[PDB]
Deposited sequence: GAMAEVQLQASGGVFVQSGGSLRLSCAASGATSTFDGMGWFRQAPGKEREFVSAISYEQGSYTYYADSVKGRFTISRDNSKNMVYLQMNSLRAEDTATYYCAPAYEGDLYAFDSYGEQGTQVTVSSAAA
């Protein structure tokens, strides 16, 4: 219920999401998060096409890196230099031009100071 990942401030975590590939509707994949009591917040999104978009929220720029492995149909989020304000549930979702579309289960992450 309250079960999740626990990271010490300054530590790192990697997430992954399955990304079947580009359809007529969607041209990428990414993550958003929702902290207790707050609205959903964009985190990052990446295009299936190499070189098209790689978007980051201002709050994670320089600390998080999104990457794709199309040969494995996967995308990854490397979350470095984690801080307490990164505590949230992290959700993967298909992207269209960078925006994320959730058409209904996340990964709960607690970062201590």
- Message: Please report every deposited-sequence interval that has no C-alpha in the structure, sorted by position.
- Response: 1 to 9, 114 to 117, 127 to 129
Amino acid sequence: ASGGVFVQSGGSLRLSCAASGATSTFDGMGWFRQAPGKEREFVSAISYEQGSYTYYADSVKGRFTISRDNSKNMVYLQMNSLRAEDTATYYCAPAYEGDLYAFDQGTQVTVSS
From here on, numbers count along this sequence of modelled residues.
- Item | Mean temperature factor over C-alpha atoms, higher-scoring stretch between 95 to 103 and 20 to 28 | 20 to 28
- Which is higher in the entry, the mean Cα B factor of 69 to 77 or that of 41 to 49? 69 to 77
- Item | Chain-wide C-alpha B factor ranking for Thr110, given as lowest, middle or highest third | middle
- Would you please rank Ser9 by its C-alpha temperature factor against the other modelled residues of its chain and give the third it falls in: lowest, middle or highest? highest
- Please rank the C-alpha B-factors of the chain's modelled residues and tell me whether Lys61 sits in the lowest, middle or highest third. highest
